[PDB]
Colleague: 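Take a look at this one; I'll ask things after.
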Amino acid sequence: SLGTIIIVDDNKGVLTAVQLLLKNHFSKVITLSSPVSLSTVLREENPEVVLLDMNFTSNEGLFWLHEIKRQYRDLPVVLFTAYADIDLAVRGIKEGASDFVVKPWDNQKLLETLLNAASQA
């Protein structure tokens, strides 16, 4: 089955859109823009995947990828990247991100990337 996904983004509209897109696939969709909130939900909510804004808190996405992986080594993290940041998304993959999705996104590709990230052996 598919449990919880956490979406981390500075842009409340992106959170609104992604929640709407993913609401009916995952059991729970948690959206947030706070580092403090992120720490609580990672501990308590047994997430299956995190979708992480490349520019979160713009130290940005790569910093947060690292900190999440430090504590939750097996939690897939997918970076959500503007085209202007694709070099940093590629560096993210090198540094252990599970995948990335570029913005503006394709709705079906976004879902598929997240399901696949949450469905690795």
Side-chain angles (χ1 to χ4, degrees):
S1 47
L2 256 197
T4 298
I5 183 165
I6 297 164
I7 305 98
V8 182
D9 202 293
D10 280 344
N11 181 336
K12 281 77 203 176
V14 165
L15 297 180
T16 298
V18 173
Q19 164 94 61
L20 177 52
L21 294 162
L22 303 178
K23 256 183 174 99
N24 260 97
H25 287 77
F26 291 82
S27 295
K28 195 170 191 176
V29 178
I30 296 173
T31 57
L32 55 90
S33 303
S34 157
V36 179
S37 293
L38 184 50
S39 73
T40 307
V41 308
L42 294 175
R43 189 179 306 101
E44 295 186 356
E45 300 287 341
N46 309 112
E48 275 179 50
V49 61
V50 178
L51 180 59
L52 177 65
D53 178 3
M54 202 61 258
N55 302 129
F56 184 47
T57 71
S58 60
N59 288 322
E60 289 172 29
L62 295 170
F63 171 85
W64 291 108
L65 161 69
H66 192 73
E67 291 305 321
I68 294 170
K69 303 303 285 188
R70 198 197 289 275
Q71 184 73 35
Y72 308 95
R73 285 142 29 155
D74 299 315
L75 172 55
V77 176
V78 175
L79 295 169
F80 207 9
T81 185
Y83 277 95
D85 296 324
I86 53 175
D87 63 328
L88 299 183
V90 171
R91 179 174 151 188
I93 299 308
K94 290 169 187 184
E95 296 180 358
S98 293
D99 214 334
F100 68 81
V101 180
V102 177
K103 307 165 158 178
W105 64 94
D106 169 89
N107 290 342
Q108 199 70 7
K109 206 177 188 179
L110 169 64
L111 175 56
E112 292 197 345
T113 300
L114 289 164
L115 300 170
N116 292 352
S119 303
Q120 290 310 101

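Residues: numbered from 1 along the sequence shown.
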Colleague: Check the hydrophobic clustering (I, L, V, M, F, W, Y; side-chain heavy atoms under 4.5 Å; chains of links allowed) and say if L115 and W105 are grouped together.
Modeller: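 Yes, it is one cluster - the side chains of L115 and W105 are joined through contacts under 4.5 Å.
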Colleague: Between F80 and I7, is any pair of side-chain heavy atoms under 4.5 Å apart?
Modeller: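 Of all side-chain heavy-atom pairs linking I7 with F80, none is under 4.5 Å.
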Colleague: Decide yes or no on side-chain contact (heavy atoms from CB on, under 4.5 Å) for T4 and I30, but give the supporting numbers first.
Modeller: CA-CA 7 Å; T4 298; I30 296 173; 3.8 Å; yes
Colleague: Assess whether side-chain contact (heavy atoms from CB on, under 4.5 Å) is satisfied between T31 and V18, documenting all intermediate values.
Modeller: CA-CA 9 Å; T31 57; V18 173; over 6 Å; no
Colleague: Would you indicate whether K23, at its atom NZ, is surrounded by more than 12 heavy atoms from other residues, nucleotides or ligands within a distance under 6.0 Å?
Modeller: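 Result for NZ/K23: enclosed.
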Colleague: What heavy-atom pair brings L62 and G92 nearest, and what distance separates the two atoms?
Modeller: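 Closest pair (atom of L62, atom of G92, distance): CD2-CA, 3.5 Å.
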Colleague: Quick one: do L32 and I68 end up in the same hydrophobic cluster if we chain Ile, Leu, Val, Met, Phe, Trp and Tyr together by side-chain heavy atoms under 4.5 Å apart?
Modeller: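 Per the 4.5 Å side-chain linkage, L32 and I68 are co-clustered.
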Colleague: Between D85 and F100, is there a side-chain heavy-atom distance shorter than 4.5 Å?
Modeller: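 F100 vs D85: side chains apart.
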Colleague: How close do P76 and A117 get, counting heavy atoms only, and between which atoms?
Modeller: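 Shortest heavy-atom separation between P76 and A117 comes out as CG-O, 3.2 Å.
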Colleague: In this structure, are over 12 heavy atoms from other groups packed under 6.0 Å from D87 atom CG?
Modeller: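 Atom CG in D87 is packed in, count exceeds 12.
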Colleague: Same cluster for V77 and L110 if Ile/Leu/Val/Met/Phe/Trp/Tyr side chains link at under 4.5 Å?
Modeller: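 Each belongs to a different hydrophobic cluster.
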Colleague: Salt bridge or not between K109 and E112? Use side-chain N to carboxylate O under 4.0 Å.
Modeller: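 Here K109 does not pair with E112 in a salt bridge, since their nearest N and O are not under 4.0 Å apart.
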Colleague: Please determine whether residues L75 and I5 belong to a single hydrophobic cluster, defined as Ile, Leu, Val, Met, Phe, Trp and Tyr linked transitively by side-chain heavy-atom distances below 4.5 Å.
Modeller: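 Different hydrophobic clusters.
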Colleague: Between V49 and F26, is the side-chain contact (heavy atoms from CB on, under 4.5 Å) condition met? List the steps.
Modeller: CA-CA 10 Å; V49 61; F26 291 82; 4.1 Å; yes
Colleague: How many angstroms lie between atom OG of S98 and atom CG of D74, to the nearest 0.5 angstrom?
Modeller: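 Here the rounded value is 10.0 Å.
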Colleague: Is there side-chain contact between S58 and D10, with at least one heavy-atom pair below 4.5 Å?
Modeller: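 The answer is yes, as the side chains (C-beta and beyond) meet within the 4.5 Å cut-off.
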Colleague: Quick one, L88 and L79 - any side-chain contact, counting heavy atoms below 4.5 Å?
Modeller: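 No, side chains not in contact.
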Colleague: Compute whether any side-chain donor of one residue and acceptor of the other, for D99 and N116, lie under 3.5 angstrom apart.
Modeller: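 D99 vs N116: no donor-acceptor pair found between side chains.
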Colleague: Would you call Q71 and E67 a side-chain contact if the rule is heavy atoms closer than 4.5 Å?
Modeller: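 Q71 vs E67: side chains apart.
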Colleague: I'd like to know whether NZ of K28 has more than 12 heavy-atom contacts from other residues, nucleotides or ligands below 6.0 angstrom.
Modeller: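 No - once you tally the heavy atoms of other residues, nucleotides and ligands closer than 6.0 Å, there are 12 at most.
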Colleague: Do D53 and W64 make a side-chain contact, defined as non-hydrogen atoms from C-beta onward lying under 4.5 Å apart?
Modeller: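 Heavy-atom side-chain distance check fails, nothing below 4.5 Å.
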Colleague: With a 4.5 Å limit on heavy-atom distance, are the side chains of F56 and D9 in contact?
Modeller: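 Side-chain contact under 4.5 Å: no.
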Colleague: Indicate the atoms forming the closest heavy-atom contact of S33 with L15, along with that distance.
Modeller: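 Nearest pair, atom of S33 first, then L15: OG-CD1, 3.5 Å.
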Colleague: Same cluster for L65 and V50 if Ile/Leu/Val/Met/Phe/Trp/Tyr side chains link at under 4.5 Å?
Modeller: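 Yes, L65 and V50 fall within the same hydrophobic cluster.
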Colleague: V102 and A82: which non-hydrogen atoms are nearest, and at how many Å?
Modeller: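 Looks like CG1-C, 4.2 Å.
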Colleague: To the nearest 0.5 angstrom, please state how far the CE atom of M54 sits from the NZ atom of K103.
Modeller: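 One finds 10.5 Å between CE of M54 and NZ of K103.
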